[PDB]
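Undergrad: work.txt is the file, holding compact mmCIF, C-alpha atoms:
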# COMPACT_ATOMS: atom_id res chain seq x y z
CA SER W 979 1.02 22.70 30.13
CA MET W 980 3.62 24.90 28.40
CA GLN W 981 6.19 22.13 29.02
CA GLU W 982 3.94 19.74 27.09
CA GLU W 983 3.49 22.19 24.22
CA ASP W 984 7.29 22.61 24.11
CA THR W 985 7.58 18.80 23.91
CA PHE W 986 5.29 18.64 20.89
CA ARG W 987 7.10 21.62 19.26
CA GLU W 988 10.41 19.70 19.60
CA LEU W 989 8.67 16.65 18.09
CA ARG W 990 7.55 18.73 15.07
CA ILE W 991 11.11 20.12 14.63
CA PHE W 992 12.50 16.58 14.70
CA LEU W 993 9.88 15.26 12.24
CA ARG W 994 10.41 18.15 9.78
CA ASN W 995 14.16 17.45 9.80
CA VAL W 996 13.77 13.70 9.16
CA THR W 997 11.18 14.39 6.43
CA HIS W 998 13.44 16.94 4.73
CA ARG W 999 16.30 14.53 4.61
CA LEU W 1000 14.04 11.90 2.96
CA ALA W 1001 12.55 14.42 0.53
CA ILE W 1002 15.90 15.63 -0.81
CA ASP W 1003 17.14 12.06 -1.57
CA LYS W 1004 16.97 11.46 -5.34
CA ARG W 1005 15.71 7.90 -4.85
CA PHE W 1006 12.59 9.17 -3.16
CA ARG W 1007 11.49 11.81 -5.69
CA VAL W 1008 8.50 9.68 -6.66
CA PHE W 1009 7.23 9.91 -3.09
CA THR W 1010 7.52 13.70 -2.69
CA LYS W 1011 4.24 14.63 -4.25
CA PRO W 1012 0.85 13.11 -4.72
CA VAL W 1013 0.33 10.82 -7.70
CA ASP W 1014 -1.11 12.89 -10.60
CA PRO W 1015 -4.73 11.93 -11.47
CA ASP W 1016 -4.28 12.74 -15.16
CA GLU W 1017 -1.31 10.41 -15.59
CA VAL W 1018 -2.65 7.68 -13.25
CA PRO W 1019 -6.47 7.82 -13.08
CA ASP W 1020 -7.01 4.40 -11.51
CA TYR W 1021 -4.70 5.30 -8.61
CA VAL W 1022 -7.33 6.96 -6.42
CA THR W 1023 -9.71 4.07 -7.07
CA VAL W 1024 -7.16 1.39 -5.95
CA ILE W 1025 -5.33 3.25 -3.19
CA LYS W 1026 -7.81 4.45 -0.60
CA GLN W 1027 -5.38 6.46 1.58
CA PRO W 1028 -2.85 8.17 -0.66
CA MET W 1029 0.18 9.56 1.16
CA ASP W 1030 3.38 11.39 0.19
CA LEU W 1031 6.14 13.42 1.83
CA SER W 1032 4.56 16.79 0.99
CA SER W 1033 1.36 15.68 2.72
CA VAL W 1034 3.46 14.49 5.69
CA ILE W 1035 4.99 18.00 6.01
CA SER W 1036 1.53 19.53 5.91
CA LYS W 1037 0.35 17.11 8.63
CA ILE W 1038 3.33 17.92 10.87
CA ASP W 1039 2.45 21.61 10.68
CA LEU W 1040 -1.24 20.86 11.38
CA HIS W 1041 -0.19 19.06 14.65
CA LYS W 1042 -1.49 15.77 13.39
CA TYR W 1043 1.45 13.82 14.82
CA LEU W 1044 1.73 13.69 18.60
CA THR W 1045 4.18 10.77 18.57
CA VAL W 1046 6.86 9.42 16.26
CA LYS W 1047 4.80 6.22 16.07
CA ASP W 1048 1.95 8.23 14.49
CA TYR W 1049 4.41 9.73 11.94
CA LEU W 1050 5.84 6.30 11.11
CA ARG W 1051 2.33 5.05 10.33
CA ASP W 1052 2.23 7.56 7.44
CA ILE W 1053 5.79 6.65 6.28
CA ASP W 1054 4.64 3.02 6.33
CA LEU W 1055 1.58 3.98 4.31
CA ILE W 1056 3.70 5.62 1.60
CA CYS W 1057 5.67 2.37 1.37
CA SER W 1058 2.72 -0.04 1.51
CA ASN W 1059 0.75 1.97 -1.06
CA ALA W 1060 3.70 1.68 -3.47
CA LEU W 1061 4.05 -2.06 -2.91
CA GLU W 1062 0.31 -2.59 -3.46
CA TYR W 1063 -0.11 -0.40 -6.51
CA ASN W 1064 3.08 -1.66 -8.23
CA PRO W 1065 3.19 -5.40 -7.53
CA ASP W 1066 4.41 -6.76 -10.87
CA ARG W 1067 7.73 -8.30 -11.98
CA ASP W 1068 8.65 -5.70 -14.52
CA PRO W 1069 11.53 -3.41 -13.88
CA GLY W 1070 9.50 -0.24 -13.38
CA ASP W 1071 7.42 -1.85 -10.59
CA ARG W 1072 10.43 -3.55 -9.03
CA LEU W 1073 12.35 -0.23 -8.97
CA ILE W 1074 9.52 1.62 -7.23
CA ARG W 1075 9.13 -1.14 -4.67
CA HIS W 1076 12.87 -1.17 -3.93
CA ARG W 1077 12.78 2.60 -3.48
CA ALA W 1078 9.67 2.36 -1.27
CA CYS W 1079 11.40 -0.16 0.97
CA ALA W 1080 14.47 2.10 1.10
CA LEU W 1081 12.33 5.08 2.10
CA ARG W 1082 10.79 3.06 4.95
CA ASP W 1083 14.11 1.53 6.07
CA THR W 1084 15.89 4.88 5.92
CA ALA W 1085 13.24 6.61 8.01
CA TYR W 1086 13.33 3.88 10.63
CA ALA W 1087 17.13 3.92 10.70
CA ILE W 1088 17.33 7.71 11.20
CA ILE W 1089 14.76 7.43 13.99
CA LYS W 1090 16.58 4.51 15.66
CA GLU W 1091 19.79 6.55 15.82
CA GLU W 1092 18.44 10.01 16.57
CA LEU W 1093 15.18 9.69 18.58
CA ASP W 1094 15.60 9.39 22.33
CA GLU W 1095 13.30 6.63 23.52
CA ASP W 1096 12.39 8.65 26.66
CA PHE W 1097 11.34 11.56 24.46
CA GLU W 1098 9.02 9.27 22.49
CA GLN W 1099 7.65 7.81 25.72
CA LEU W 1100 6.98 11.30 27.08
CA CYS W 1101 5.03 12.18 23.90
CA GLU W 1102 3.03 8.93 24.29
CA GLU W 1103 2.15 9.69 27.86
CA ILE W 1104 1.04 13.24 27.12
CA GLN W 1105 -1.03 11.95 24.09
CA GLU W 1106 -2.65 9.28 26.30
CA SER W 1107 -3.56 11.91 28.94
CA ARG W 1108 -5.69 13.92 26.44
Please go through the file and, once you have read it, give me the structure as structure tokens.
TA:
Amino acid sequence: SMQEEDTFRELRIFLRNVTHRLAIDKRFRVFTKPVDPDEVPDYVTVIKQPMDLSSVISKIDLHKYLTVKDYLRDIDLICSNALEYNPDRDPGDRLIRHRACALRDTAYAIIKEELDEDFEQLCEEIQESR
């Protein structure tokens, strides 16, 4: 129905806004674009599902997210990829992991405060009906 398509449009608006706010945060610069093959050639061999905030924006616009839970799976993937690829004790790896955790925690915190649970449940129920 048109009411359902309006629901998903509002969802995309909400997701674009959250993603923007993450993408403009200086801490999260490393997560705004794909890892560059030239600089890190073993990346695509170790990490089987690369993800980044630019790809998330593209996915929003392609209607790939019909719930906030589906969006959060890709925010979680950005974070888990960073933890997996950079697991060592040195300061460069520890910094990226701290930033990855902050990206995840920040996204969840924005969503906890600004997503209406009945809106999410509506999206879930429409998604399940398809």
Undergrad: Quick one: of W:993, W:1038, W:1057, W:1031, who's nearest to residue 1081 of chain W, counting only C-alpha atoms?
TA: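 Closest candidate: W:1057.
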Undergrad: Mind listing whatever residues come within 12 Å of the point (9.9, 5.2, -12.5)? Use all atoms listed in the file, file coordinates, and give them as a PyMOL selection string.
TA: chain W and resi 1004-1009+1060+1064+1068-1078
Undergrad: Quick one: write out the picked residues with C-alpha atoms as a PDB file, keeping the file's coordinate frame?
TA:
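Done, and the output landed in out00.pdb:
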ATOM      1  CA  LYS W1004      16.970  11.460  -5.340  1.00  0.00           C
ATOM      2  CA  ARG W1005      15.710   7.900  -4.850  1.00  0.00           C
ATOM      3  CA  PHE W1006      12.590   9.170  -3.160  1.00  0.00           C
ATOM      4  CA  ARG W1007      11.490  11.810  -5.690  1.00  0.00           C
ATOM      5  CA  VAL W1008       8.500   9.680  -6.660  1.00  0.00           C
ATOM      6  CA  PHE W1009       7.230   9.910  -3.090  1.00  0.00           C
ATOM      7  CA  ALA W1060       3.700   1.680  -3.470  1.00  0.00           C
ATOM      8  CA  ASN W1064       3.080  -1.660  -8.230  1.00  0.00           C
ATOM      9  CA  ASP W1068       8.650  -5.700 -14.520  1.00  0.00           C
ATOM     10  CA  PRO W1069      11.530  -3.410 -13.880  1.00  0.00           C
ATOM     11  CA  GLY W1070       9.500  -0.240 -13.380  1.00  0.00           C
ATOM     12  CA  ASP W1071       7.420  -1.850 -10.590  1.00  0.00           C
ATOM     13  CA  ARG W1072      10.430  -3.550  -9.030  1.00  0.00           C
ATOM     14  CA  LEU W1073      12.350  -0.230  -8.970  1.00  0.00           C
ATOM     15  CA  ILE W1074       9.520   1.620  -7.230  1.00  0.00           C
ATOM     16  CA  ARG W1075       9.130  -1.140  -4.670  1.00  0.00           C
ATOM     17  CA  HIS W1076      12.870  -1.170  -3.930  1.00  0.00           C
ATOM     18  CA  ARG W1077      12.780   2.600  -3.480  1.00  0.00           C
ATOM     19  CA  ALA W1078       9.670   2.360  -1.270  1.00  0.00           C
TER      20      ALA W1078
END
Undergrad: With distances taken over all atoms listed in the file, which of W:1090, W:1067, W:1082, W:990 is nearest to residue 1043 of chain W?
TA: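 Closest residue, counting all atoms listed in the file: W:990.
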Undergrad: Counting all atoms listed in the file, I want the residues whose atoms come within 6 Å of (6.7, 13.5, 7.4) in the file frame, returned as a PDB file with C-alpha atoms, keeping the file's coordinate frame.
TA:
ATOM      1  CA  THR W 997      11.180  14.390   6.430  1.00  0.00           C
ATOM      2  CA  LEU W1031       6.140  13.420   1.830  1.00  0.00           C
ATOM      3  CA  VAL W1034       3.460  14.490   5.690  1.00  0.00           C
ATOM      4  CA  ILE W1035       4.990  18.000   6.010  1.00  0.00           C
TER       5      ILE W1035
END
Undergrad: Enter the distance from atom CA of residue 1003 of chain W to atom CA of residue 1029 of chain W, in Å, rounded to one decimal.
TA: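 The value is 17.4 Å.
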Undergrad: Can you work out which one of W:996, W:983, W:1063, W:1083 has the shortest atom-to-atom distance to residue 1022 of chain W, counting only C-alpha atoms?
TA: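 That would be W:1063, the residue with the smallest distance to residue 1022 of chain W.
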Undergrad: Just checking: using all atoms listed in the file, which residue out of W:1015, W:979, W:1108, W:1089 ends up closest to residue 995 of chain W?
TA: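 Counting all atoms listed in the file, the residue closest to residue 995 of chain W is W:1089.
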Undergrad: For atom CA of residue 1094 of chain W and atom CA of residue 1052 of chain W, determine how far apart the two atoms are, in Å to one decimal place.
TA: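 Result for atom CA of residue 1094 of chain W versus atom CA of residue 1052 of chain W: 20.1 Å, one decimal.
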Undergrad: Quick one: pull the distance between atom CA of residue 986 of chain W and atom CA of residue 1051 of chain W, Å, one decimal.
TA: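 Going from atom CA of residue 986 of chain W over to atom CA of residue 1051 of chain W, I get 17.5 Å.
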Undergrad: Just checking: using all atoms listed in the file, which residue out of W:1023, W:1105, W:1084, W:1036 ends up closest to residue 1011 of chain W?
TA: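 Once distances to residue 1011 of chain W are computed over all atoms listed in the file, the minimum belongs to W:1036.
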Undergrad: Around all the atoms of segment 1006-1014 of chain W listed in the file, draw an axis-aligned box and extend it by 5 Å on each of the six sides; I want its centre and edge lengths in Å to one decimal, as AutoDock Vina command-line options.
TA:
--center_x 5.7 --center_y 11.9 --center_z -6.6 --size_x 23.7 --size_y 15.5 --size_z 17.9
Undergrad: Pick from W:994, W:1055, W:1013, W:1021: nearest to residue 1037 of chain W, with all atoms listed in the file counted?
TA: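 Selected residue with least distance to residue 1037 of chain W: W:994.
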Undergrad: Take segment 1080-1096 of chain W, bring it up to N, CA, C and O atoms, and give me the output as a JSON list (two decimals), keeping the file's coordinate frame.
TA:
[["chain", "number", "residue", "atom", "x", "y", "z"],
["W", 1080, "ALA", "N", 13.37, 1.23, 0.65],
["W", 1080, "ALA", "CA", 14.47, 2.10, 1.10],
["W", 1080, "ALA", "C", 14.01, 3.33, 1.82],
["W", 1080, "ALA", "O", 14.59, 3.71, 2.86],
["W", 1081, "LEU", "N", 12.90, 3.92, 1.39],
["W", 1081, "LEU", "CA", 12.33, 5.08, 2.10],
["W", 1081, "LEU", "C", 11.94, 4.66, 3.53],
["W", 1081, "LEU", "O", 12.34, 5.32, 4.54],
["W", 1082, "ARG", "N", 11.21, 3.58, 3.67],
["W", 1082, "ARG", "CA", 10.79, 3.06, 4.95],
["W", 1082, "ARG", "C", 12.01, 2.73, 5.84],
["W", 1082, "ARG", "O", 12.10, 3.17, 6.99],
["W", 1083, "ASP", "N", 12.95, 1.96, 5.30],
["W", 1083, "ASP", "CA", 14.11, 1.53, 6.07],
["W", 1083, "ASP", "C", 14.97, 2.72, 6.50],
["W", 1083, "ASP", "O", 15.50, 2.73, 7.65],
["W", 1084, "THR", "N", 15.12, 3.70, 5.61],
["W", 1084, "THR", "CA", 15.89, 4.88, 5.92],
["W", 1084, "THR", "C", 15.24, 5.69, 7.03],
["W", 1084, "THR", "O", 15.93, 6.13, 7.97],
["W", 1085, "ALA", "N", 13.91, 5.88, 6.95],
["W", 1085, "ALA", "CA", 13.24, 6.61, 8.01],
["W", 1085, "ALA", "C", 13.38, 5.92, 9.35],
["W", 1085, "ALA", "O", 13.72, 6.56, 10.37],
["W", 1086, "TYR", "N", 13.17, 4.61, 9.40],
["W", 1086, "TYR", "CA", 13.33, 3.88, 10.63],
["W", 1086, "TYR", "C", 14.75, 3.95, 11.16],
["W", 1086, "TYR", "O", 14.94, 4.01, 12.38],
["W", 1087, "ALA", "N", 15.75, 3.91, 10.28],
["W", 1087, "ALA", "CA", 17.13, 3.92, 10.70],
["W", 1087, "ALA", "C", 17.53, 5.28, 11.30],
["W", 1087, "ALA", "O", 18.25, 5.34, 12.31],
["W", 1088, "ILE", "N", 17.07, 6.36, 10.67],
["W", 1088, "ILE", "CA", 17.33, 7.71, 11.20],
["W", 1088, "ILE", "C", 16.71, 7.81, 12.59],
["W", 1088, "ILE", "O", 17.36, 8.30, 13.54],
["W", 1089, "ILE", "N", 15.47, 7.40, 12.72],
["W", 1089, "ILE", "CA", 14.76, 7.43, 13.99],
["W", 1089, "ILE", "C", 15.45, 6.57, 15.06],
["W", 1089, "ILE", "O", 15.63, 6.99, 16.22],
["W", 1090, "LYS", "N", 15.87, 5.35, 14.71],
["W", 1090, "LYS", "CA", 16.58, 4.51, 15.66],
["W", 1090, "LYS", "C", 17.84, 5.20, 16.22],
["W", 1090, "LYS", "O", 18.10, 5.13, 17.43],
["W", 1091, "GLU", "N", 18.56, 5.92, 15.38],
["W", 1091, "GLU", "CA", 19.79, 6.55, 15.82],
["W", 1091, "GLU", "C", 19.60, 7.90, 16.51],
["W", 1091, "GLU", "O", 20.42, 8.30, 17.37],
["W", 1092, "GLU", "N", 18.55, 8.60, 16.16],
["W", 1092, "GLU", "CA", 18.44, 10.01, 16.57],
["W", 1092, "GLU", "C", 17.26, 10.37, 17.48],
["W", 1092, "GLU", "O", 17.28, 11.46, 18.06],
["W", 1093, "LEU", "N", 16.31, 9.49, 17.66],
["W", 1093, "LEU", "CA", 15.18, 9.69, 18.58],
["W", 1093, "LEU", "C", 15.58, 9.12, 19.92],
["W", 1093, "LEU", "O", 15.91, 7.92, 20.04],
["W", 1094, "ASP", "N", 15.46, 9.92, 20.98],
["W", 1094, "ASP", "CA", 15.60, 9.39, 22.33],
["W", 1094, "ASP", "C", 14.34, 8.68, 22.76],
["W", 1094, "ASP", "O", 13.25, 9.24, 22.62],
["W", 1095, "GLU", "N", 14.46, 7.42, 23.18],
["W", 1095, "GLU", "CA", 13.30, 6.63, 23.52],
["W", 1095, "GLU", "C", 12.48, 7.26, 24.66],
["W", 1095, "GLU", "O", 11.27, 7.08, 24.68],
["W", 1096, "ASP", "N", 13.13, 8.02, 25.53],
["W", 1096, "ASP", "CA", 12.39, 8.65, 26.66],
["W", 1096, "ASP", "C", 11.63, 9.86, 26.17],
["W", 1096, "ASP", "O", 10.59, 10.24, 26.75]]
